[PDB]
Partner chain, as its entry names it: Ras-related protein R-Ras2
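First comes one chain, alone, set out as structure tokens in the form solved without its partner chain.
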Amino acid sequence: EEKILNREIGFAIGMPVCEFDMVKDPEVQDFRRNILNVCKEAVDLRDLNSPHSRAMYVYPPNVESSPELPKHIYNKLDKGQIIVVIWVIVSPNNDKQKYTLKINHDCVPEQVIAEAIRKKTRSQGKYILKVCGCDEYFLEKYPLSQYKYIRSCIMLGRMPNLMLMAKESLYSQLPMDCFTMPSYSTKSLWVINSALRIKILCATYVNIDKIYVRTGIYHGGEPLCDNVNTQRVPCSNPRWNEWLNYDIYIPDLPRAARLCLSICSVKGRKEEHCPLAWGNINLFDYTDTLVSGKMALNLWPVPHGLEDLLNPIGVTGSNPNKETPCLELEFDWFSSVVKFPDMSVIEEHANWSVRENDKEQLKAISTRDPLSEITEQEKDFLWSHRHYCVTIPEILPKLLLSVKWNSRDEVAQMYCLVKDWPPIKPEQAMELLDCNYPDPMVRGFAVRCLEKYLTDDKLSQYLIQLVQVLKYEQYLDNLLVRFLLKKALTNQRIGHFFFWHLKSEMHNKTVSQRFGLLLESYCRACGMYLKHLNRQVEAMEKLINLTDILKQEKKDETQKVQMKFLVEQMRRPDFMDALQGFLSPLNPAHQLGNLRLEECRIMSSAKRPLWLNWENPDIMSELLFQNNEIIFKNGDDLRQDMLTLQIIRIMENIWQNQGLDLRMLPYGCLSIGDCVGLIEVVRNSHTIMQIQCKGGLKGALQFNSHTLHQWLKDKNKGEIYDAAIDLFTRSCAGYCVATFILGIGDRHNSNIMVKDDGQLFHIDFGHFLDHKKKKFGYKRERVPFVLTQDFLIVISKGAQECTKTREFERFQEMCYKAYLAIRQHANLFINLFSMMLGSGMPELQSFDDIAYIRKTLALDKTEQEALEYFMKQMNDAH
């Protein structure tokens, strides 16, 4: 009954549900019960206009955020009209009959259906349109061209193939709702007029000259007073029994104040100080109670490259592995439960607390990026004009950093300004969810802006950042988690990726409990989709096990011997059952039928990825792709690839909306677990090395700089030649600018690919945010801007003086405009990286890595000065 559901939830999370029942922490048990209200709200929203609302939960419309088509995309249409093919399965014989329509690009799905019924009858509202080849439906009254598949077809010059289906055929297959409620369902802070003191008792599980406890009171990475240390003791005896006194009074403690601890080592050789373990504690609990009495905290291992003695950004709470350094502490008891004051009380205290050159200086401060330095004079300038700031709402992040958070008088006044602040755009509100803004009223404002202005499309686009910033929340139950869970439980496409973003981090013990509890409530209310997720989990476990054996046990063996083990392991019954008949985690609309074993190989690229091939079992698979090819890789942190691919997509939208048709290729990529994941294979593509080692002769100098252009001319003879050179130029321009801005390394000719039609794209983003310079080669082949002689020959249509042709001038102008369009949206890009700073991605571990984008974008120069910097970089590559 519930034991069946709990066993299936346990298999999905990879953690038994009875482990959550064993947790005595009241915050954990209150979260498990209180989050069920979000589940019941999502389940009721799903049945509002049942079964149409249920069908749109399982098969939501995959649309762009705006119906507006840029003038250059409207020109791809024939007088504002599109040609679409509508298919029908007639039965008997199950014949495929097509009916070709020419309709207005903005026709709603029912107008398309009516026109297909008209064309078919030439020889009422009971039908739906489905994309041929995949489980994607057009159930909503959006203009046809707003659906991503139709929008993609217009831009890619392809013909839409849709399938006409009976409404009953789909609705009858929707399972009934199975959400069932689980069985597990004062003094004021401001009247204490003393300074804060905390007792450090003793440590256990700590076996070096001396050891000490370093402590500090922080609010979002910023110290609220000076750090205070215990006395140094010789390692063997870590008993301190010492009260530490802080220079901060209890009423001046902000709501998100934390105690940040560390056990540090001292070595006398200049005294060498090293942190051995760290732990942070929220000074107020989830019920707003100031902590008091004895407490024990199990500490965490120091993350690589900490560089400081404390870890104030790190996760809050005790290490679940109790067999780690354990610090015992004691807080004061003020003869009653102390609580943070009510909003009305804070509002009463805020009231009791109280040129044109200046209006332009406030506007300039407002447009600076999240990493730009804000001086002490500027902080005083911003806070003194805090009332004029409400009229430039985009300055709220700069103003929040000007507040003295260790002063309840300034904070009470900031709460009044936050309460009446005008709503801001989601890309600006997302910055207020990073580690710099722990205050719940600031965070609450930010989430309300997201609920008001975020479409389901933009929510999906920014899901990686929103799931990562959950780690920064002080408590399990918060406004952000409730917003994401409700969205995941009301749109199954969002729920699918939301599941995988949490599941893929369950190995990280700093988030295991938060994400595991969040996963339990999602699995309990996602419905029958849990059965599909379990099949995805089990197929991925079989591949992770297979690739682990290959990388550890049979690593050195030859390709033939590796393939013999692969084929033998894949032909096993348990393996075949697990790897066939499940949905693609890259896109759950793609069904993965039978494995085409003969087409599966171990690739010769770094970490030896697996090239897998499945039949697409859709009745109309021929109209999309007969076979789904996916790369499964063990060894890379594919979250860097996910972050880069998201940025490329956003950069492409910036360019497209500005009339700059720089065709990019952000193929799918999904992190499945610890350095494991899936990569979408782009069909009909070849690396530059493969093109060069086809026109190259055995024994002769390989990697010649004229093969690329020759191969493209043989593939595009005639009028289609001009289109291929143009597509190559635009795509190469976009990828030169993108790889430059982001500092993408390993730009060898096996990581740069080309399609038959001329489209160039990059792969493998295991290196970003640096100039990784080759150990050998020519000066022009080792500069940050990567543009080869091979590309210049294609761009100039074969000319020998390629840097002098008119086609190279047109390619240069493309690069200049593409560079400036991204520099205008720099704040967004800096913020998307900054939100990921605590993920543990090998190439993004500090603000110095993000500072690389501030240099390539030349944010500390003027618009004209940045363009000349970019021109000098382009010129260095030739």
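Numbering follows the first chain given and starts at 1. Rigid core (definition): largest C-alpha set, two forms, superposition within 1.5 Å.
Keep in mind the form solved in complex with its partner chain is missing from the figure; the text below concerns it.
| task | May I ask you to check whether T100 falls inside a 4.5 Å heavy atom distance of its partner chain in the bound PDB entry? | result | Close contact exists here: in the bound PDB entry, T100 approaches its partner chain to within 4.5 Å, heavy atoms only.
| query | Taking heavy atoms only, is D95 within 4.5 angstroms of its partner chain in the bound PDB entry? | reply | Although its partner chain is absent here, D95 would touch it in the bound PDB entry, with heavy atoms inside 4.5 Å.
| Contact test in the bound PDB entry: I83 vs its partner chain, heavy atoms, 4.5 Å | So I83 counts as contacting its partner chain.
| message | Check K804 for me: does it contact its partner chain in the bound PDB entry (non-hydrogen atoms, 4.5 angstroms)? | response | No, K804 is distant from the partner.
| The single option of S335, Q124, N357, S123 touching its partner chain in the bound PDB entry, heavy atom within 4.5 Å | Selected residue: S123.
| field | Single option in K531, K564, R118, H72 placed near its partner chain in the bound PDB entry, where near means a heavy atom within 4.5 Å | value | Spelling it out, the residue with a heavy atom inside the cut-off is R118.
| One stretch from 444 to 452, 100 to 108, 170 to 178, 219 to 227 that, in the bound PDB entry, holds residues within 4.5 Å of its partner chain by heavy atom | After filtering at 4.5 Å, what remains is 100 to 108.
| Which one of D756, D78, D722, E801 is the only residue whose C-alpha moves by 2 Å or more between this form and the one not shown, after superposing on the core? | C-alpha shift of at least 2 Å: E801.
| With the core lined up, does the C-alpha of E373 move 2 Å or more between this form and the one not shown? | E373 C-alpha, core-superposed: shift of less than 2 Å.
| field | Per-residue C-alpha change between this form and the one not shown, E557, threshold 2 Å, rigid core fit | value | Yes, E557 moves 2 Å or more.
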